Ligand SMILES: *[C@@H]1O[C@H](CO)[C@@H](O[C@@H]2O[C@H](CO)[C@@H](O)[C@H](O)[C@H]2NC(C)=O)[C@H](O)[C@H]1NC(C)=O
Ligand SMILES: *[C@@H]1O[C@H](CO)[C@@H](O[C@@H]2O[C@H](CO)[C@@H](O)[C@H](O)[C@H]2NC(C)=O)[C@H](O)[C@H]1NC(C)=O
Ligand SMILES: *[C@@H]1O[C@H](CO)[C@@H](O[C@@H]2O[C@H](CO)[C@@H](O)[C@H](O)[C@H]2NC(C)=O)[C@H](O)[C@H]1NC(C)=O
Ligand SMILES: *[C@@H]1O[C@H](CO)[C@@H](O[C@@H]2O[C@H](CO)[C@@H](O)[C@H](O)[C@H]2NC(C)=O)[C@H](O)[C@H]1NC(C)=O
Ligand SMILES: *[C@@H]1O[C@H](CO)[C@@H](O[C@@H]2O[C@H](CO)[C@@H](O)[C@H](O)[C@H]2NC(C)=O)[C@H](O)[C@H]1NC(C)=O
Ligand SMILES: *[C@@H]1O[C@H](CO)[C@@H](O[C@@H]2O[C@H](CO)[C@@H](O)[C@H](O)[C@H]2NC(C)=O)[C@H](O)[C@H]1NC(C)=O
Ligand SMILES: *[C@@H]1O[C@H](CO)[C@@H](O[C@@H]2O[C@H](CO)[C@@H](O)[C@H](O)[C@H]2NC(C)=O)[C@H](O)[C@H]1NC(C)=O
Ligand SMILES: *[C@@H]1O[C@H](CO)[C@@H](O)[C@H](O)[C@H]1NC(C)=O
Ligand SMILES: *[C@@H]1O[C@H](CO)[C@@H](O)[C@H](O)[C@H]1NC(C)=O
């Protein structure tokens, strides 16, 4: 999957990120640990290739 | 100074100080061929003769780019669990509104974090269109804010236990008593003066906010980093306008005006000059990256030792005796709020090394012998709390003659009325 | 001659010496209190007893052996002065910088 | 080493050691044009084609020069009060003449 | 080229000296103004003062 840095998606599975235009990857709402860092909070991984928002960590509410 | 005089504080001041440390710089990336030659292909062919300089520059810039994200992750992502503050924001009278996240703000940032963000601020396109690109940070600002909120909630609810293992809850006054025992003052001092300490803490927090708001030079370091980066980029762009020993500084005119045999000479002057400029840019970038990496390591150590625990190192976590710290996020850096214990209102006494009684010398277990002029007592070193000399707080070692400057006095025995009655 | 100039330091040697003397006086008379707040005076034997307690030795050890400790400290000071005087490579780093 | 034995010190020695640390280097500033060309005007004219090299060198040297003073200030100026020793230099037998 | 070489060496030595000065400041704050429990930080043996 190719990423066009700093170029809007209208000038070139299409996803728009702050880093640029990402082609060939599908966005998934689920959060995981970062496998391949892309930038601006988006990470990519292979499971086809998916793009997701990286998860900071498991939530733990202390009582 | 004297020979038989000592001074003991009869009060304390809870002071909060700020420390600003840069963490990461702007991630930049260059395109060697586009900068050096632009559209023209003959220049690119000539540029190829000089070897793998462009590859070296690209590799170095990539190294700095990944190092920035590594620095940010090291400084902030120190807890694998994110904690949340309890819904009821009562902690025994202590106020944390100024540092806790504000739900009203869409950015979910504390008021101090918002103030810090606000105080730090066709050139951009001029830089971008020439082959220079800035890259977005991996961690967005809200993610850094979330990390800081998690650390702050952990250090409020659990003290220092969450840093060294599982999180164990502790009521805030009891954590206060633990941290007071850390600096050598007993718990009753805190427990009796809880309201005064809470009021002092709140006043210090308010003063910190006002001081940050009303001083322009407080955040000089981060603004200096931003200015250095922008100035270096602008200087690099300006170098394209220099003739550099050629007849024209624009390559297209040289190509369109002149024959190839001397056109090559002109493009060689331009190529070697632009290579020199690019190498200079890379070398200063590397040096600045090393400096900022050292700063980031210092910030990470400060976080681990002052925020996640109590530190005994002098002046490492603020002026005075250290109590805790609170982290706050800032653009390209982190701001610490060191809470320290400062003695005040000292009062001046007469002291002796040991007390001679029944031919035996008595020495304080943990305190010191003070005398207000007619009577002798034992007090803690860091706070004045007179107490009757007994056998509980004193230990016996040898006779009176060995020590120099011993002073006679009676030693009360707690058991004496017990077996007397 | 050739356009290179050395600029004077902002702090002259006398004022640096004054700073060092101030630090020495503070640590001699008031122990470590002056670092963390207002200066509180302490007789030097008592400060020595405190610092002995810092390393895990009780105060009576300092108090009963005061003269021996003082003599050892004075002998050490004389020895360090002689060692600095008699060795040329002791100050290698500063001279190397120059 | 053993299973049920220990060694306990019975006596001590007060030791004094040195440690030398450089703090600042000599502040130096250069004049780019005077060095590169001297008093010749034509050399200065040709130097001008290269542009902001001299400015960059002067800026770097100025940064180093201010950093030296900052280093000295950080190392030494850590107390805001100028304390003074008492006139009588008696401290229980401890002798501080050499320092 | 000669001037740039001089400036680069000066910058590297400045980084050297800045690291040394930071170490010296830490040593001052932790050994002179207080008593340190760090091993060998303030001299060989158990530290008393500096
Ligand atoms: C110790 O100092 C505190 C202040 O740090 C004193 O408390 C103040 O008392 C006055 C009069 O009682 C009030 O007007 C102030 O508002 C108090 N301070 C605060 C922050 O509220 C206290 O009286 C002092 N105690 C001793 C024994 O000296
Ligand atoms: C904690 O401090 C905050 C601010 O320091 C207090 O909020 C203030 O409340 C008063 C009256 O309710 C308002 O007039 C102010 O405008 C508030 N300040 C801000 C910044 O919003 C708050 O009352 C204090 N106590 C608690 C329990 O939160
Ligand atoms: C305890 O006693 C000493 C000696 O009497 C006090 O030292 C004096 O303080 C005043 C106030 O500034 C000075 O004008 C004198 O010169 C000091 N004496 C000497 C010999 O220098 C000391 O201040 C007292 N402690 C307190 C807390 O007042
Ligand atoms: C030193 O402190 C002691 C203990 O507080 C004082 O002894 C008490 O003093 C008060 C007022 O002077 C009397 O009402 C008590 O009866 C005293 N108690 C005893 C057991 O004697 C002493 O007066 C103080 N000395 C000075 C000079 O202030
Ligand atoms: C502290 O008390 C001891 C014992 O009461 C004193 O030692 C006595 O001092 C008197 C007067 O000099 C002599 O007549 C006795 O022979 C001493 N007895 C012993 C066993 O030595 C001592 O002088 C007192 N110290 C002070 C400073 O008053
Ligand atoms: C501990 O060591 C000191 C010396 O480091 C010993 O003091 C010496 O004692 C002898 C005989 O008593 C004298 O000749 C020396 O002059 C002393 N040295 C100094 C520096 O004064 C001391 O005796 C030792 N303690 C024990 C219990 O052995
Ligand atoms: C403190 O140390 C100094 C020097 O180490 C001692 O001064 C010496 O005194 C003797 C006898 O008066 C002279 O022979 C030496 O020449 C002095 N040395 C110097 C360098 O002047 C001093 O006696 C020691 N004790 C005191 C209390 O000052
Ligand atoms: C105690 O202090 C005074 C004043 O500094 C001094 O003159 C006196 O000699 C000292 N005591 C002894 C026994 O030396
Ligand atoms: C005592 O030491 C010996 C050898 O050093 C070892 O075999 C033995 O197990 C030790 N004693 C006990 C009770 O373990």
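Protein chains in written order, with the deposited numbering: chain E, 605 to 616, 637 to 671, 687 to 702; chain W, 703 to 823, 844 to 1143; chain V, 851 to 948; chain Y, 703 to 801; chain G, 998 to 1047.
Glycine included, every Cβ here is placed at the ideal spot set by N, Cα and C.
| Check | Outcome |
| --- | --- |
| Any non-hydrogen atom of ligand 1 closer than 6 Å to residue 1104 of chain W Cβ | no |
| Same chain, Cβ closer than 8 Å to residue 826 of chain W, neighbours up to 5 away in sequence not counted | The model contains no atoms for residue 826 of chain W, which sits in the stretch where chain W goes from 823 to 844 directly. |
| Near-chain G residues of the stretch 903-915 of chain V (beta-carbon distance less than 7 Å), N- to C-terminal order | 904, 905 |
| Proximity test, Cβ basis, 7 Å: residue 877 of chain V and chain W | no |
| Residues surrounding ligand 2 [beta-carbon distance to nearest heavy atom under 5 Å] | W:797, W:799 |
| Chain-ordered residues of the stretch 1010-1027 of chain W with a beta carbon less than 9 Å from chain G | 1012, 1013, 1016, 1020 |
| Interface flag, residue 885 of chain V vs chain G, CB-CB below 7 Å | yes |
| Residue 907 of chain W versus residue 759 of chain W - alpha carbon distance | 57 Å |
| Amino acids of chain G, ordered along the chain, whose beta-carbon sits closer than 9 Å to that of residue 727 of chain Y | 1007, 1010, 1011, 1013, 1014 |
| Any non-hydrogen atom of ligand 8 within 6 Å of residue 951 of chain W CB | no |
| Spatial distance of residue 733 of chain W from residue 978 of chain W (CA atoms) | 25 Å |
| Short-range partners of chain G found in the stretch 715-726 of chain Y, where Cβ spacing is below 7 Å | 717, 719, 723, 724, 725, 726 |
| Beta-carbon neighbours of residue 890 of chain V, restricted to chain W and to distances below 7 Å | 709, 1068 |
| Under 9 Å (Cβ pairs) to chain G, residues found in the stretch 765-791 of chain Y | 765, 766, 769, 770, 772, 773, 774, 776, 777, 778, 780, 781 |
| Neighbour-count burial assignment, residue 867 of chain V, 16 or more Cβ in a 10 Å radius | exposed |
| Residue range of the beta strand (DSSP E) that includes residue 1046 of chain W | 1043-1052 |
| C-beta contact flag for residue 794 of chain Y and residue 894 of chain V at 7 Å | yes |
| Assumed close pair residue 848 of chain W, residue 959 of chain W - CB separation to whole angstroms, cut-off 8 Å | 6 Å |
| C-alpha distance - residue 945 of chain W paired with residue 939 of chain W, whole-angstrom precision | 9 Å |
| Member of W:703, W:711, W:707, W:706 whose CA lies at the smallest distance from the CA of residue 1065 of chain W | W:711 |
| Extent of the continuous beta strand (DSSP E) to which residue 1091 of chain W belongs | 1090-1093 |
| Beta-bridge partners of residue 682 of chain E, as assigned by DSSP | Coordinates for residue 682 of chain E are lacking, as chain E steps from 671 to 687 with nothing built in between. |
| Near-chain Y residues of the stretch 962-990 of chain W (beta-carbon distance less than 7 Å), N- to C-terminal order | 964, 965, 966, 967 |
| Lining residues of ligand 4 - beta-carbon closer than 7 Å to any non-hydrogen atom, in sequence order | W:1094, W:1095, W:1096, W:1097, W:1108 |
| Counterpart residues of residue 882 of chain V in DSSP-defined beta bridges | Beta-bridge pairing links residue 882 of chain V to no other residue. |
| Within 7 Å, strictly: CB atoms of residue 605 of chain E and residue 648 of chain E | yes |
| Under 7 Å between C-beta atoms of residue 889 of chain W and residue 781 of chain W | no |
| Residue 767 of chain Y vs residue 729 of chain Y beta-carbon contact at 7 Å | yes |
| Reduced DSSP secondary structure (H/G/I, E/B, other) of residue 713 of chain W | strand |
| Residues near residue 843 of chain Y by beta carbon distance below 7 Å, same chain, minus five either side | This structure cannot speak to residue 843 of chain Y, because chain Y is shown only from 703 to 801. |
| Rounded straight-line distance, which links the Cα of residue 1084 of chain W to that of residue 1050 of chain W | 50 Å |
| Among W:992, W:1082, W:1107, the one whose alpha carbon lies nearest that of residue 1071 of chain W | W:1107 |
| Contact test: residue 705 of chain Y Cβ vs ligand 9 heavy atom, cutoff 6 Å | yes |
| Euclidean distance between Cα positions of residue 912 of chain V and residue 877 of chain V | 19 Å |
| Through-space distance from residue 717 of chain Y to residue 1042 of chain G, alpha-carbon basis | 8 Å |
| heavy atom of ligand 8 below 6 Å from residue 790 of chain Y C-beta | yes |
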